[PDB]
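# Chain and residue survey
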Amino acid sequence: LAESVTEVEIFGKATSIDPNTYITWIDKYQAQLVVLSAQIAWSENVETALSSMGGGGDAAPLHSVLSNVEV
């Protein structure tokens with residue numbers, strides 16, 4: 001879980017993910033672990049975006065998180 005989270009942080013905090021490296025990461029770790037790493041990365045990204053959004057809607061990274069999820 002530690003290693004998969006380490007890789008999935010690099011995956012999440014990026015745009016236009018290369019399918020080859022993503023598929024290699026998926027194959028490397030177990031299904032349970034892949035899903036758990038995705039959940040951890042998304043939760044931490046949303047928490048960071050909300051913390052940076054303390055003032056309000058100004059400089060919203062939530063749109064960036066949604067864009068990464070769509071990608």
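Residues numbered from 1 in each chain as written, not as in the entry; some residues may be left out. Part of a larger assembly, values for the part shown. Heavy atoms only, no water.

Structure determination for the deposited model, as stated in its record, used cryo-EM, and the stated resolution is 3.22 Å.

So, on to the packing of helix α1 (residues 2-12) against helix α3 (residues 31-52). Interhelical geometry of α1 versus α3 gives an angle of 55 degrees and a closest axis separation of 9 Å. Relative to α3, the element α1 lies oblique. Considering only the axes of α1 and α3, their crossing is right-handed. Where α1 abuts α3, its residues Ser-4, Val-5, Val-8, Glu-9 and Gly-12 lie against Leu-33, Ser-37, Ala-38, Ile-40, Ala-41, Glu-44 and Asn-45. In terms of residue class, the contact of α1 with α3 is built from 6 nonpolar, 4 polar and 2 charged. (Axes fitted to C-alpha atoms, helices over the stretch in contact; angles between N-to-C directions. Helix = DSSP H or I, 4+ residues; strand = E, 2+ residues; numbered from the N terminus. Parallel < 35°, antiparallel > 145°, perpendicular 65-115°, else oblique. Left-handed = near helix turned anticlockwise from the far one by under 90°. Contact = heavy atoms within 4.5 Å. Nonpolar A, V, L, I, M, F, W, Y, C, P; charged D, E, K, R; others polar.)

This part is about the packing of aromatic side chains. Working definition: an aromatic ring pair is given by the centre-to-centre distance plus the angle between the planes. In total, this model carries 3 aromatic pairs according to the counting rule given. Between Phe-11 and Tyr-22, the ring centres sit 5.2 Å apart and the planes meet at 90 degrees, which makes this aromatic pair edge-to-face. Of this pair, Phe-11 sits in helix α1 while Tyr-22 sits in helix α2 (residues 19-28), and the two are 11 residues apart along the sequence. Pairing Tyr-22 with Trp-25 gives two aromatic rings, centres 5.5 Å apart and planes at 40 degrees, and the pair type is tilted. Here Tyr-22 pairs with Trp-25, and both are found in helix α2, just 3 residues apart, close to one helical turn. (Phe/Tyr/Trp six-rings, centres within 6.5 Å; stacked < 30°, edge-to-face > 60°.)

Together, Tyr-22, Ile-23 and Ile-26 make up an exposed nonpolar region whose accessible area comes to about 240 Å². Mapped onto the elements of the fold, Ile-26 is located in helix α2. (Patch = residues over 30% accessible without salt bridge, like charges linked within 9 Å, V, L, I, M, F, W, Y side chains within 5 Å. Areas by Shrake-Rupley, 256 points an atom, 1.4 Å probe, with all protein chains shown as cover. Salt bridge = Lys/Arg side-chain N within 4 Å of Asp/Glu carboxyl O.)

Bringing the nonpolar core into the picture now. Note on soluble globular proteins: their nonpolar side chains tend to be buried together. With 7 residues, the main nonpolar core is built from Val-8, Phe-11, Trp-25, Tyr-29, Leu-33, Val-34 and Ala-41. Going through the elements one at a time, α1 and α3 are the ones with two or more residues in this core. Looking at which element gives the most residues to this core, the answer is α3, with 3 residues. Excluding anything up to four places from it in sequence, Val-34 contacts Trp-25, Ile-26 and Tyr-29. (Core = buried A, V, L, I, M, F, W, Y, C linked by side-chain atoms within 4.5 Å. Buried < 20%, exposed > 50% of the residue type's maximum accessible area, 1.4 Å probe, protein only.)

This part is about unusual backbone geometry. Excluding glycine, residues mostly carry a negative phi; peptide bonds, for their part, are mostly trans. In this model, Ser-16 sits at a positive phi of 55 degrees, which is unusual for a non-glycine residue. On the secondary structure map, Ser-16 appears in the loop between α1 and α2. When its relative accessible area of 58% is taken as the criterion, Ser-16 is described as exposed. Unlike most non-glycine residues, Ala-59 shows phi in positive territory, near 55 degrees. Summarising the element assignment, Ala-59 is placed in the loop between α3 and α4 (62-70). Exposure remark for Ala-59: the relative accessible area of 66% places this residue in the exposed category.

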